[PDB]
Every structure is written in structure tokens, then in C-alpha cells.
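Using the entry's author numbering, the letters of the sequence shown map in sequence onto residues 23 to 40, 82 to 331.
C-beta: ideal position from N, C-alpha, C; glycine also.
A short worksheet on the structure shown next.
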Amino acid sequence: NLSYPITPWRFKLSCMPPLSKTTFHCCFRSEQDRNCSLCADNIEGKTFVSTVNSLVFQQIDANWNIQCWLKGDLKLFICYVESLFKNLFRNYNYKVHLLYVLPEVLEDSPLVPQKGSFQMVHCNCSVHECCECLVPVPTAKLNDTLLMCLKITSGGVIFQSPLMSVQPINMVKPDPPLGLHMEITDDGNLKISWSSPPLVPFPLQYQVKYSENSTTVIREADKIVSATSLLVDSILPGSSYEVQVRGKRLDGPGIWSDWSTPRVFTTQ
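See the structure below:
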């Protein structure tokens, strides 16, 4: 048990009050419902909060938007923890104790993950408090659900996140497409194609923003093709063809890849 689905992939989180020993539980923020879960790693996570602790918490409030996707190579699972508020004068310095467990699927009855089964991997944080991590994931047990509950001790203030349940194979955000080239074919059609990442196991469909614009008269004609190669028909001379391609997994949920550098072909 202790599984909570998350929608969409990016979830907004903020910390609520339940000093160094005290751990403060942080919950997801949504306009409809609020979900709070306690990580099985530490039962003692819920601690008594003093009046001075509450005053400190209301004086300085830390809220973090967390978006995490697995690499296309499946070797490491990145996990970005970005704060809503960034202050130049004061920057929080902390060590993030990320704990992850991905146990095998049990055929009969649901089993809550055991205490201590979570693996320990430290995180790397930038000056904008955007903490990116590298979480290894075994390939055999990759197909099973992954449970997340982060521990962030920020200057004597410990942060805890609710348990998320999501399949990591649909959590992959692919690398932006590269190697795209343009050349008019002998058939009479512009050839623009891209190579799928070999490390990505699942088939990838692509969101293409192709625009047929002319300098004299500006018109927009967007076309999206799921195939690896795009053969746009009825090419007109003396027009600009700005094309940019991003890809994501076809079946089931998927995270769109970041848009690459736009490239435009201007015909004579």
C-alpha cells in the first residue's frame, strides 16, 4: 500500500508545520485536493513542533516544485527539486538525503515497502536551489513502481515528501533530437529526418513545429508527424521552412523533450 498517483508529471509541493531534530512534513499543492504521506524510512518523522519552531517556520517558508524524469539511457533517474522563491541575499545550503525503493511486484496482496529498503543517494544543488540528482535503477526491476520520499535537512529544518507511485518506464524525458538535416529530394519533397536515441527502448513519436512562412506574406502552417522522417509535400520556392522537433513516448503518458535549436530552410 502507501501508493499515491500523481498527475501531471510536474507536482507543486510546499512544506507545512506538523529544531534540527524536528522534521517538517511537506505536501503537494493542488487547487482541488492536498495529499500528505509519511515515508516508511523514519517513523519518527512526525515530531513535536515548538512555538519558537512555528515562529521560525512562518518567518522563513521553503516551498519546492519537484519534477523528476528518468534518463533515456535508463542508467540514472534524475530528480529536480526547484524552489519557487529564489533569494540572492540568502541562499540555503543543505544536504539532500534522497531515499528510493523499487521492489518487485507482488503477485498476491499489496505489500507496503519495508523500513530501510530505500537506497541512499546524495543530490547536487545549484545556486538557484534547483537540486538535480542521479538515481540508479536496476533494469530487471525497472518495470515495477517506484516510491519516493525525499529528506532535505536545510539548516536544521528537515523536509519530507509524500510517497509517489508511478511507473518509471513512462517517466523518461528523451534527449532533444539531433542530427536533423535538410535537402530537397529528387521525388520533389523536402527530406527532414531525425535519429531516435538507441538507448531509449520504447518507440518514440515526435512533436514537429514546421512553419511555411514567406518574408513578403507571413502565414503559419504547423504540421506534426510521429514518424522519424518527415516528407512535407508541395514545396513552394522562395519561402522559409522553420522546423523544430521534440519527441516523447507514444503509448501511455510521456514527457515531451525540450525543444532543440530551431532551423529554417529558405528556398530560392
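Closest Cα partner of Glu195 within the set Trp257, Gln331, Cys142 and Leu169: The shortest Cα separation from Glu195 among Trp257, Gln331, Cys142 and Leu169 belongs to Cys142.
If we call anything under 9 angstroms between Cβ atoms a contact, is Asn276 one with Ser256? Going by C-beta atoms, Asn276 is not nearer than 9 angstroms to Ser256.
Considering only the alpha carbon of each residue, which of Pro225, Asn154 and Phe265 lies closest to residue 368? The shown model of the chain, from 23 to 331, leaves out residue 368, and the question about it has no answer.
Taking 8 angstroms as the threshold, find out whether the segment 155 to 166 comes into contact with the segment 110 to 121 through three or more Cβ pairs. The way I'd put it, the segment 155 to 166 doesn't touch the segment 110 to 121; fewer than three beta-carbon pairs between them come closer than 8 angstroms.
First and last residue of the uninterrupted alpha helix (DSSP H) at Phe120: First-last of the alpha helix (DSSP H) with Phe120: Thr114 to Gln122.
Where does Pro199 fall in DSSP's three states? Three-state DSSP puts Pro199 in a strand.
Could you pull out every residue in the same chain whose Cβ sits closer than 8 angstroms to the Cβ of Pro40, ignoring the five residues on either side in sequence? These residues qualify, in order along the chain: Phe87, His88, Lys109, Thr110 and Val112.
Work out the CA separation of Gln307 and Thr324 for me, nearest whole Å. For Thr324 and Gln307, the distance between alpha carbons rounds to 7 angstroms.
Endpoints, the beta strand (DSSP E) within which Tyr143 is located: Residue range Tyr143 to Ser146 is occupied by the beta strand (DSSP E) that includes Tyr143.
Within the segment 195 to 252, ranges of the beta strand (DSSP E) (whole runs, at least 3 residues): Listed in chain order, the complete beta strand (DSSP E) runs (minimum 3 residues) inside the segment 195 to 252 are 209 to 217, 220 to 223, 227 to 229 and 244 to 247.
Check this for me: beta carbons of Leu162 and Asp104, under 9 angstroms apart or not? Cβ distance < 9 angstroms, so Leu162 and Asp104 count as in contact.
Cα separation between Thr278 and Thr330? When rounded, the distance between both Cα atoms is 11 angstroms.
Applying the 10 Å Cβ sphere with the 16-neighbour rule, what's the burial state of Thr85? So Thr85 ends up on the buried side.
Compare the beta carbon distance of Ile232 and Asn206 with 9 angstroms and say whether it is the shorter of the two. By the CB criterion at 9 angstroms, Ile232 and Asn206 fall inside the cutoff.
Suppose you measure from the CA of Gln122 to the CA of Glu145; what does that come to, to the nearest Å? When the Cα atoms are used, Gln122 and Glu145 turn out to be separated by approximately 20 angstroms.
Own chain, CB closer than 7 angstroms to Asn98, minus 5 neighbours either side, in chain order: Only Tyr26, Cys90, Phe91 and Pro225 meet the Cβ criterion.
Using only the alpha-carbon positions, how far apart do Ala203 and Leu137 sit? If I take the Cα positions, the gap works out to 11 angstroms.
Among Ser217, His244, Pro266 and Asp285, which residue has its Cα nearest to the Cα of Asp314? The candidate whose alpha carbon is nearest that of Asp314 is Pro266.
By Cβ distance, which residues of its chain are closer than 6 angstroms to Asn187, with the 5 residues on each side in sequence left out? Counting only residues of its own chain and dropping the five nearest sequence neighbours on each side, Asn187 has a CB closer than 6 angstroms to the CB of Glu195.
Apply the 10 Å Cβ neighbour rule to residue 55 and answer buried if 16 or more other Cβ atoms are within range, or exposed otherwise. Position 40 is followed directly by 82 in the chain, which means residue 55 is not present among the coordinates.
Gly310 by DSSP, collapsed to three states: which one? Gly310 sits in a strand when the DSSP states are folded into three classes.
When the Cα of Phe140 is compared with those of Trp127, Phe152, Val198 and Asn150, which residue comes out closest? Considering only alpha carbons, the answer is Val198.
Extract the residue ranges of the beta strand (DSSP E) inside the segment 262 to 325, only unbroken runs of 3 or more that lie entirely within it. Segments of the beta strand (DSSP E) lying fully in the segment 262 to 325: 267 to 271, 274 to 276, 292 to 295, 303 to 306 and 308 to 312.
When the Cα of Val164 is compared with those of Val184, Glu246, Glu170 and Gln95, which residue comes out closest? Closest option to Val164, Cα to Cα, is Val184.
Going straight from the alpha carbon of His244 to that of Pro201, what length do you get? Roughly 36 angstroms separates the two Cα atoms.
Best match in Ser297, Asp171 and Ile28 for proximity to residue 42 [C-alpha to C-alpha]: Any question about the placement of residue 42 has no answer from these coordinates, since the chain jumps from 40 to 82.
Could you check the C-alpha separation between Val271 and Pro30 for me, to the nearest Å? Straight-line spacing of the CA atoms in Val271 and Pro30 works out to 22 angstroms.
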